[PDB]
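Shown next as structure tokens: one chain only, the form deposited in one PDB entry.
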């Protein structure tokens, strides 16, 4: 069936023998291109470790991930950086901003690493700033900013390069309604026009229930994997 992505027995072990608790064994997932997959669950239930492993940061102990016949482990680390830079969008739980860099510099960092010419990237950044309307705070330090502001800076940084997969671990957990409504509207037009895949894990039942596809990782067992269409 699926050819673009093939995940087989994604597992992680970092302990000795006979001490590893049998939480998950022979767990496989069906990841499809173009679809906005959402995962539901509770905090501290072992959801962040897998998504950190899904970013290509670490090599899985068991199982294989195949992209049209090319293993990542035999593939060079430069290709892994390329995948993490222009193919995959990754967000941590926290803001994890860079205090030594300004908000504009942190936003342009995904492009700055991408070795793109300053002219067009700066023009697009200025146009985006004019569209948003947050031009006033450009030289101020991230340390003296609020949680919602830095969280939205992190979201913008994640959406600068327009990755195919934008992984967002509770992007509105630290957001109040004033920023949350704008973030949800932004995600709405991104899904309507751009259509980039978002992996949004959030706790609210009502918001996640409206989604076409819902995956559940509870107690390490495939309990709820529902697709209406």
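Rigid core here is just the name for the largest C-alpha set that superposes within 1.5 Å across the two forms. Numbering follows the first chain given and starts at 1.
The following text describes the form deposited in another entry, which does not appear among the structures shown.
Taking the rigid core as fixed, one finds a CA shift for residue 113 smaller than 2 Å between the shown form and the other one. Positional change of residue 211 between the shown form and the other one stays under 2 Å at the C-alpha, relative to the superposed core.
Relative to the superposed core, residue 135 undergoes a C-alpha shift of no less than 2 Å between the shown form and the other one.
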